[PDB]
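The chain below stands alone and is given in structure tokens; this is the form deposited in one PDB entry.
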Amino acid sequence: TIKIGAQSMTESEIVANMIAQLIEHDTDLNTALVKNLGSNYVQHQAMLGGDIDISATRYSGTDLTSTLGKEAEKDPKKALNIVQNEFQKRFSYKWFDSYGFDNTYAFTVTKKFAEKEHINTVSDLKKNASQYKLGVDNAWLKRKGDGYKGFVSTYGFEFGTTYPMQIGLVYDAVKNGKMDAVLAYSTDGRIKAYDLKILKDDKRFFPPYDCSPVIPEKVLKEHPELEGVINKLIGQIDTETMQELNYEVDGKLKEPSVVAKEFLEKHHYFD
């Protein structure tokens, strides 16, 4: 039984269901989802513990700064190479090449608010920053390297008030004028659907967040058919497609498993 870990993000559940289904289509391996994992730390500890054999979604910038204790590399190619080499060297874990998308933190406002306050970049927020309410996820305020503390020393301002909440709620919160700005995730389909505006990170504070699966080399050796299955998804999901997939769950309220199945069917399970 191949155990597949999903973080409690819509995107993680879709991709975990996708891996599960493709595995059972291609092979005789049985699969189980391990859901609601709180963070990459919980994920990483679960894999060290043998509780999961596959992380469906891990993000180069997040593990670089937290699991590996390293400085936030800002170049995508370099950050991915560093994460790949370190996961091999430290754990004999294989951090695959990316699905094809970067899911980054992104400061997001409405188009009405942008035009009113004259906002195109994150730096544009500085001028009235104490008047603003920012909605953020439940972990960002406390993160090291790529969190609020680092944000403040790079950008040289803080927001009037910051509200930590479940990520899924920040999209409606900003549409509804409850928050003035939110730290959204770039792959959420609600940015498109709600016509929200992503602000340029003009000081390149955030590292890249290219998304990949992670699997111990030991699991890959035990089940040699498994690598080829995962390889089918590498490079197949660009950010536009991930946004579309996410919205099917968060906007149309479909089950991650339904959304993953229709995607695999559209692409003929990549053979």
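Counting begins at 1, following the sequence as shown.
Enquirer: Looking only at CA atoms, which has the higher mean B factor in the entry: 36-44 or 206-214?
Expert: That would be 36-44.
Enquirer: Mind pulling up the entry and telling me whether 216-224 or 233-241 has the higher mean Cα temperature factor?
Expert: Per the deposited B-factors, the answer is 216-224.
Enquirer: Among the candidates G100, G189, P76, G160, give the one with the maximum CA B-factor reported in the record.
Expert: Answer, based on the entry's C-alpha B-factors: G160.
Enquirer: Among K200, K197, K94, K144, which carries the highest Cα B-factor?
Expert: Of the candidates given, the C-alpha B-factor peaks at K144.
Enquirer: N85: which third of its chain by C-alpha temperature factor?
Expert: It falls in the middle third of the chain.
Enquirer: Which third, lowest, middle or highest, does the CA B-factor of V170 fall in along this chain?
Expert: According to the entry, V170 has a C-alpha B-factor in the chain's middle third.
Enquirer: Going by the CA temperature factor in the PDB record, which third of the chain does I119 belong to: lowest, middle or highest?
Expert: Its C-alpha B-factor, which the entry lists for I119, ranks in the highest third among residues of this chain.
Enquirer: Once the chain's modelled residues are ordered by C-alpha B factor and cut into thirds, is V109 in the lowest, middle or highest one?
Expert: Middle third, going by the recorded CA B-factors of the chain.
Enquirer: Using the B-factors in the PDB entry, rank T27's C-alpha atom against the chain and give the third, lowest, middle or highest.
Expert: Its C-alpha B-factor belongs to the middle third of this chain's values.
Unshown form deposited in another entry; subsequent notes refer to it.
Enquirer: Pick from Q243, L134, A56, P207: which one is at the hinge where the rigid parts meet as they turn between the shown form and the other one?
Expert: Looking at the options, the one at the hinge is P207.
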